[PDB]
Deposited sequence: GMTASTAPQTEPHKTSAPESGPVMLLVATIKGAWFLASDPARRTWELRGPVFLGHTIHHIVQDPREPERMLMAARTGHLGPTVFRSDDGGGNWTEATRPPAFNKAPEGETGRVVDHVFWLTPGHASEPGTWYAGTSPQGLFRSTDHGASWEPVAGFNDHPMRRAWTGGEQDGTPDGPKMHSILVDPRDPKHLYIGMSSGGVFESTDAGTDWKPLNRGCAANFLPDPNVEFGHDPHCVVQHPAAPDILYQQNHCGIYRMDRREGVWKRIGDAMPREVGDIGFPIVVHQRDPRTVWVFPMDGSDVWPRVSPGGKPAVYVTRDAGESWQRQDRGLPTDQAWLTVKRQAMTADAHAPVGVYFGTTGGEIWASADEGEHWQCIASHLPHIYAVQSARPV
């Protein structure tokens, strides 16, 4: 990986529309465009890295759908067939929560994760979606998911860069699950991860991962921010290890998002929150900070330069942190209070580049 260069774009999904932030090549001044779809609840906006001119946006009302653009966001068209569960001999899609573009060798293929938990696939750039039957009708599904916050959801859909058949998914609640046959079969992969909200924490599934990532440079390495900690797994070992235990006692290792440095599998960023109350309640602290590790979780450093020093009760949701692929890597986050904070030096300094936006669900980097 050669570092990317030039302008960065941030795709910002909020409860009342989509906004877009564009930088100069130096990433010092930013331009805000939007709202796009003002009054609609936008859950996720993702650029196809295979074809940068293509973008998908998970949105509600039309009911729940996916809008597509083939001109880098200049025009949006609703799905001809959005994600919908099959007729029961039944469950209903509340919203499309997460969008993942497929493997390099399968252009036009995407996965979608819904609330309640459901996995869907498009092979036509998100125009039409069908259920991934191997998950949605798996005999263990109801046991893995359970029943009905905003509702339970499917997230962290990961397609292995080395193999389109190797997939990972995250479910709140349920856990991390793996397929080695493009989703025709799934198995739980939660070993080593706590589930302290369950009667027996040492079960196979039922866990509450918040955000899972597979490193693009070292795809055996997975990181997750869970309701019960920050974990790292080397897939060859098959166990999640709580690297979050290196966090300071007063800060803890609870939070929602997790982000990895594009080139360095040892560098990861989290946004800690107070998880000391009963499940699923996570509360903000008054002293906001991102924490970085540059040694795969052995040590953590606080990153708060430029951020409000105190009486600042910031919530950062799962999809609301992202990072670019520039040198140095820039890091960004969006708060439920409507601020977009940006760093162009791996989280060492922060600058508020947007404020007074509606409640932010997701922030995603993109190449204009």
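(request) Go through the deposited sequence from residue 1 and tell me which stretches lack C-alpha coordinates, in order. (result) According to the deposited record, C-alpha coordinates are absent for 1 to 15, 77 to 78, 107 to 110, 170 to 173, 394, which together make up the missing parts.
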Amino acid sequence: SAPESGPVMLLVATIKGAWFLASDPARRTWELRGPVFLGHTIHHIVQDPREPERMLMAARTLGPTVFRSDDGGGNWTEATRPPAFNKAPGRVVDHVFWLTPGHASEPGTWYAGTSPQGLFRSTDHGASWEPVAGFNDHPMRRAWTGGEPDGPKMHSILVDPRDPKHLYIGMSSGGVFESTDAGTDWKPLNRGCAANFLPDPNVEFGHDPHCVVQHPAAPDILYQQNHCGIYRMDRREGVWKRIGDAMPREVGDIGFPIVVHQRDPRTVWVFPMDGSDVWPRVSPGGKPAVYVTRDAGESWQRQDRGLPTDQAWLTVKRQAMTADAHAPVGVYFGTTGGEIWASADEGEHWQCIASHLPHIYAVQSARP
From here on, numbers count along this sequence of modelled residues.
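(message) So, looking at the entry's B-factor column for Cα atoms, which has the higher mean, 128 to 136 or 250 to 258?
(response) Comparing 128 to 136 with 250 to 258, the higher mean C-alpha B-factor belongs to 128 to 136.
(request) For the higher mean C-alpha B factor in the entry, choose 265 to 273 or 180 to 188. (result) Higher of the two, by average CA B-factor, is 180 to 188.
(message) Looking at the C-alpha B-factor values in the deposited entry, which of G74, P288, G175, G244 comes out highest?
(response) Highest C-alpha B-factor among the listed residues goes to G74.
(request) Just grab whichever of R28, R302, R305, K317 has the top CA B-factor as deposited. (result) The C-alpha B-factor peaks, among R28, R302, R305, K317, at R28.
(message) Using the temperature factors of the C-alpha atoms in this entry, rank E51 within its chain: lowest, middle or highest third.
(response) It belongs to the highest third of the chain when residues are ordered by C-alpha B-factor.
(request) Compare the C-alpha B factor of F120 with those of the other modelled residues in its chain, then answer lowest, middle or highest third. (result) CA B-factor rank for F120: middle third.
(message) Split into thirds by Cα B-factor across the chain's modelled residues, where does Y231 land: lowest, middle or highest?
(response) Ranked within chain, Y231 CA B lands in the lowest tercile.
(request) Please rank the C-alpha B-factors of the chain's modelled residues and tell me whether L32 sits in the lowest, middle or highest third. (result) CA B-factor rank for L32: middle third.
(request) Place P328 in the lowest, middle or highest third of its chain's C-alpha B-factors, as listed in the PDB entry. (result) It falls in the middle third of the chain.
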